[PDB]
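Down below is the structure, laid out as structure tokens.
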Amino acid sequence: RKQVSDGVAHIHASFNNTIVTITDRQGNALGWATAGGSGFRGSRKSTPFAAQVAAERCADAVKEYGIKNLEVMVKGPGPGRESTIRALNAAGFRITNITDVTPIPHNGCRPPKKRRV
Amino acid sequence: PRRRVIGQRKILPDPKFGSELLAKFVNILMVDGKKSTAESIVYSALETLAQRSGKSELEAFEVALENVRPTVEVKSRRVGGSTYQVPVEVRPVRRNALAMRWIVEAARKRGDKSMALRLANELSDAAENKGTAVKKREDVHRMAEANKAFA
Amino acid sequence: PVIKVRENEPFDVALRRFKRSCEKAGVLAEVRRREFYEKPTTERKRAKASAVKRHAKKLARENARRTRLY
RNA sequence: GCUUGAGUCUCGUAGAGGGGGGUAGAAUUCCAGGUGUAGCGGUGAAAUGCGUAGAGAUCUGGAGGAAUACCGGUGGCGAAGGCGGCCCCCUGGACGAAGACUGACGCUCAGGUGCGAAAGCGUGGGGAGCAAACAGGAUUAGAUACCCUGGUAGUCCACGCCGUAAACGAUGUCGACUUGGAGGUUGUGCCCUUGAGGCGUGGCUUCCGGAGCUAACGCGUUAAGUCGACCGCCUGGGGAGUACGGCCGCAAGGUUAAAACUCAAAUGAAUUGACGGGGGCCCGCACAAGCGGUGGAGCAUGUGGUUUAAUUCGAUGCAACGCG
RNA sequence: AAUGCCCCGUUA
RNA sequence: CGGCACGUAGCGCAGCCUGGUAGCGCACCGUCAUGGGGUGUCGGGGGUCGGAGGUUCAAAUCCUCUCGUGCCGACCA
Ligand SMILES: [Mg+2]
Ligand SMILES: [Mg+2]
Ligand SMILES: [Mg+2]
Ligand SMILES: [Mg+2]
Ligand SMILES: [Mg+2]
Ligand SMILES: [Mg+2]
Ligand SMILES: [Mg+2]
Ligand SMILES: [Mg+2]
Ligand SMILES: [Mg+2]
Ligand SMILES: [Mg+2]
Ligand SMILES: [Mg+2]
Ligand SMILES: [Mg+2]
Ligand SMILES: [Mg+2]
Ligand SMILES: [Mg+2]
Ligand SMILES: [Mg+2]
Ligand SMILES: [Mg+2]
Ligand SMILES: [Mg+2]
Ligand SMILES: [Mg+2]
Ligand SMILES: [Mg+2]
Ligand SMILES: [Mg+2]
Ligand SMILES: [Mg+2]
Ligand SMILES: [Mg+2]
Ligand SMILES: [Mg+2]
Ligand SMILES: [Mg+2]
Ligand SMILES: [Mg+2]
Ligand SMILES: [Mg+2]
Ligand SMILES: [Mg+2]
Ligand SMILES: [Mg+2]
Ligand SMILES: [Mg+2]
Ligand SMILES: [Mg+2]
Ligand SMILES: [Mg+2]
């Protein structure tokens with residue numbers, strides 16, 4: 001397979017789970033990991049440690065492509081916003097940019113009703 | 001307790017070697033106040049373990065305690081709408097006491113003939129990384145690692 | 001909230017900068033707001049409650065600091 | 001006859017005021033395609049559900065509907081309901097300045113007329129998201145609910161109907177008088193605007209509070225204070241805003257509106273306690289951290305029950321049961 | 001950021 | 001009028017191909033929980049197969065009859 005030194009890390013942090021997808025600048029994915037497949041289900045899925053483990057696993061998976069420079073694009077709220085980026089830096093990818101791509105509607109579709117727990 | 005922290009009480013070291021650790025071990029092993037019997041048992045088993053594994057009683061005892069020593073225990077937090085089995089580090093006195101307690105419990109469970117023999121066998125097994133003591137230590141380590149997602 | 005790590009910029013400092021920029025932008029607040037629909041009456045009532053809370057935190061604390069305690 | 005009330009004219013000011021037509025960005029959904037593989041979603045935890053027929057994630061293009069983040073502010077407008085991207089056309093009202101003008105033309109209003117949130121109804125379109133009804137999965141003793149996954153009317157548009165809301169400031173409209181303080185917004189006169197300034201003068205509005213009023217809470221120049229004009233409404237609670245009748249409406253139902261019977265209370269404000277699966281602080285072997293036990297066995301003792309002629313009487317939550 | 005629950009006969 | 005398929009713990013259902021047991025759910029009993037109940041926790045008793053006959057070593061279990069049961073059909077004039 002081909003090798004690339006510049007890539008993007010799309011992080012999708014939800015209130016329940018966290019997704020990490022490493023891709024090329026053209027959005028062509030190379031590898032992904034999730035806190036739900038990293039061994040944490042239910043109450044441990046929505047934790048920053050599981051997010052960092054998922055980031056480590058995604059790095060190990062995409063290791064084949066030999067990536068050095070990496071720009072992170074984080075979306076959605078949740079614990080997996082900073083711990084995963086820290087785990088990436090630990091794995092040793094040269095962070096370049098840290099962007100927020102959280103979809104903020106301008107008073108568009110109305111959200112669902114409130115939970116009366 | 002709620003109000004205040006307390007001061008620690010003094011424990012007299014053993015006469016045979018002067019180890020406060022051994023004094024605490026015999027105080028844990030004793031029952032119904034039979035400190036003489038506890039001292040006899042512990043001294044016999046320690047001499048046996050020494051003449052078995054070479055190095056002196058102190059070295060054998062400390063290596064066994066180090067092999068049985070834990071580092072991370074687990075506690076309940078009950079913060080809000082969810083209960084958490086959070087893992088937390090252990091302090092020296094606590095881990096020494098837990099090691100001694102697990103060792104004496106394993107000795108009691110062991111179905112040998114004499115208590116001195118039971119204790120010596122358990123200590124040797126712990127020194128060579130065997131026995132229900134190190135078993136429970138590994139179990140609590142695994143539980144802490146599993147619940148490592150809480151801090 | 002896009003930031004670019006500068007030369008010799010530690011990753012931790014870049015993380016602090018990102019957190020501060022996201023705080024100034026208020027993305028998590030907007031997300032928590034838009035997660036569930038709020039009736040217009042509920043929104044107006046919450047706004048008026050916050051307004052009276054601000055009036056209190058502006059007037060009563062001052063009028064209380066004007067006096068002593070011991 | 002008069003101009004002080006009322007109204008007209010000139011110049012400007014602000015405004016989500018109303019109607020109609022276009023246009024832009026984000027975002028959701030869906031369709032097609034590219035990378036890529038084992039999970040996605042969701043919950044307190046799960047499952048239904050979506051996925052190897054390649055989901056989720058990511059990237060590109062396209063289709064369509066709804067609402068316009070930041071501005072945004074106990075800010076503004078409107079009689080009320082209510083009104084929020086930007087641009088254009090039509091349009092009503094309010095205010096400020098100097099003068100000119102008509103000269104009581106004014107206020108209120110039973111009937112009557114019109115407007116009137118949302119839901120709902122009829123016809124014809126449209127339909128992304130949300131979501132009554134409905135289905136399934138959970139919780140539960142049960143759960144026709146809260147929770148989760150989907151989801152139809154409806155929410156949207158045009159034309160008509162409905163005419164009700166805690167449609168509230170729970171405070172009818174108009175005019176006059178009555179100490180103050182701190183603001184916000186919007187005009188305007190003067191001083192050098194020497195700056196966002198200093199001196200006033202009008203409209204609207206927010207909070208506090210004085211006399212006074214009020215059952216008290218509280219209102220307090222925007223009065224719930226002192227007065228005047230007109231209208232609407234009330235005469236204990238339930239029965240009952242119900243029945244019959246009348247009018248309206250396609251319908252749902254709307255408006256006017258009793259009686260018999262029954263009770264001796266119902267009710268509002270505040271006060272002292274108690275309680276709260278309300279909040280804050282603090283303590284106790286209360287929990288936690290440990291040791292030793294009870295409940296399993298035999299026996300002693302008391303109790304209940306049963307039996308007996310009697311099996312004396314009493315104690316019989318914690319605070320009775322090796323108790324008198 | 002919101003897993004257990006429901007009930008106490010009459011008069012005084 | 002014939003015929004088909006039932007009869008099992010207190011109740012509703014298993015067990016019938018296998019002839020060589022009698023289950024399940026609720027309920028019932030005792031203890032713990034509770035201030036006292038319900039909910040809930042545990043530990044327990046349970047019927048012995050509708051009734052007769054014979055087959056067989058042995059029958060809820062195979063058949064023969066009989067009871068009570070629900071159902072299915074009485075045609076064409
Ligand atoms: Mg949800
Ligand atoms: Mg005038
Ligand atoms: Mg778009
Ligand atoms: Mg696709
Ligand atoms: Mg697109
Ligand atoms: Mg706003
Ligand atoms: Mg106004
Ligand atoms: Mg004249
Ligand atoms: Mg409507
Ligand atoms: Mg319609
Ligand atoms: Mg239609
Ligand atoms: Mg729903
Ligand atoms: Mg259902
Ligand atoms: Mg839905
Ligand atoms: Mg009304
Ligand atoms: Mg009214
Ligand atoms: Mg009028
Ligand atoms: Mg007035
Ligand atoms: Mg008045
Ligand atoms: Mg009054
Ligand atoms: Mg009336
Ligand atoms: Mg009456
Ligand atoms: Mg009526
Ligand atoms: Mg009528
Ligand atoms: Mg009251
Ligand atoms: Mg209390
Ligand atoms: Mg309290
Ligand atoms: Mg304890
Ligand atoms: Mg007695
Ligand atoms: Mg006693
Ligand atoms: Mg009841």
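Methodologically, a virtual Cβ is constructed for each residue, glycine included, from the backbone with ideal geometry; neighbour enumeration extends over all protein chains shown. Read the figures in this text as sums done on the coordinates, not as results from a lab.
Normalise the Cα radius of gyration of chain A by 2.2 N^0.38 Å (N = residues in it) and let me know the number.
1.12
Dividing the alpha-carbon radius of gyration of the protein assembly as shown by 2.2 N^0.38 Å (N being the number of residues), what value is obtained?
Normalised by 2.2 N^0.38 Å, the Cα Rg of the protein assembly as shown equals 1.48.
Out of segment A:1-47, which trypsin sites (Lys or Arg not before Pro) are coil in DSSP terms and have no more than 11 other C-beta atoms within 10 Å?
Answer by residue number: A:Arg1, A:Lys2, A:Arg25.
Enumerate by residue number the GluC sites (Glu not before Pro) in chain C meeting two conditions: DSSP loop (anything except H, G, I, E, B), and at most 10 other Cβ atoms within 10 Å of the site's Cβ.
Passing both the DSSP loop test and the Cβ count: C:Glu7.
Under 1.5 on a/c is rounded, so check that first for segment A:1-53, then, if it is not, pick prolate when a/b is larger than b/c and oblate when it is not; a ≥ b ≥ c are the square roots of the alpha carbon gyration tensor eigenvalues.
Note, shape of segment A:1-53 comes out prolate.
So which residue, out of B:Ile11, B:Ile103, B:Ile41, gets the largest mean-square fluctuation from a GNM of chain B using Cα contacts under 10 Å as springs?
Evaluated over chain B, the most mobile residue of the options is B:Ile11.
Among B:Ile6, B:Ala50, B:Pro70, whose Cα projects farthest towards the positive end of the dipole of chain B, with charges put on the beta-carbon of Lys, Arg (+1) and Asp, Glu (-1)?
So the residue furthest toward the plus end is B:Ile6.
In Å, what Kirkwood hydrodynamic radius results for segment B:1-114 from the alpha-carbon pair distances?
So the Kirkwood estimate lands at 16.4 Å.
If one takes the longest principal axis of the Cα atoms in chain A, at what angle in degrees, from 0 to 90 and to the nearest 10, does the Cα axis of helix A:48-62 lie?
The helix A:48-62 is inclined about 40 degrees to chain A.
As I understand it, the value is the acute angle between the Cα axis of helix B:57-68 and the longest principal axis of the Cα atoms of chain B; what does it come to in degrees, rounded to 10?
30
Have a look at A:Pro105, A:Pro48, A:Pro79 and tell me which one the Gaussian network model of chain A (Cα, springs below 10 Å) gives the largest fluctuation.
Looking only at A:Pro105, A:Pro48, A:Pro79, the biggest GNM fluctuation is shown by A:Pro105.
Straight-line reach from A:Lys114: which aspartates and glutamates have Cα under 20 Å away, leaving out those fewer than 8 places along the same chain?
C:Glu30, C:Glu35, C:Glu38, C:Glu43
What is chain C by shape, rounded, prolate or oblate, if you read a ≥ b ≥ c off the alpha carbon gyration tensor as root eigenvalues and call it rounded for a/c under 1.5, prolate for a/b larger than b/c, and oblate otherwise?
Because a/c hits 1.5 or more and a/b fails to exceed b/c, chain C counts as oblate.
Could you tell me which trypsin sites (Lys or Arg not before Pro) in segment C:26-68 are loop residues by DSSP with no more than 12 other beta carbons within 10 angstrom of their beta carbon?
Taking segment C:26-68 and a limit of 12 other Cβ atoms within 10 Å, the loop trypsin sites (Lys or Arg not before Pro) found are C:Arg66, C:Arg68.
Over 18 Å between Cα atoms, which of B:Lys10/B:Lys35; B:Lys16/B:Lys55; C:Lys19/C:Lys58 qualify?
Over 18 Å Cα-Cα: C:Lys19/C:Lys58.
Please report how far the C-alpha centroid of segment A:68-110 lies from that of segment B:7-27, rounded to the nearest whole angstrom.
That distance is 56 Å.
Among the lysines, select those whose C-alpha is under 20 Å from the C-alpha of C:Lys24, and discard any that sit fewer than 8 residues away in the same chain.
Candidates past the 8-residue exclusion: A:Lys75, C:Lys4.
Would you work out if segment B:81-151 is rounded, prolate or oblate? Take a ≥ b ≥ c from the square roots of the eigenvalues of the alpha-carbon gyration tensor; rounded if a/c is under 1.5, else prolate when a/b is larger than b/c, oblate otherwise.
The shape class here is prolate.
Among the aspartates and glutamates, select those whose C-alpha is under 19 Å from the C-alpha of A:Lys63, and discard any that sit fewer than 8 residues away in the same chain.
Partners found: A:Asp6, A:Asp24, A:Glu71.
With r as the distance between the Cβ atoms of A:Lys2 and B:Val79 and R0 = 56 Å, compute the FRET efficiency 1/(1 + (r/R0)^6) and round to 0.05.
Efficiency, rounded to the nearest 0.05: 0.70.
Describe numerically, in nm with one decimal, the distance between label points set 7 Å from Cα along Cα→Cβ at B:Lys55 and at C:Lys45.
7.3
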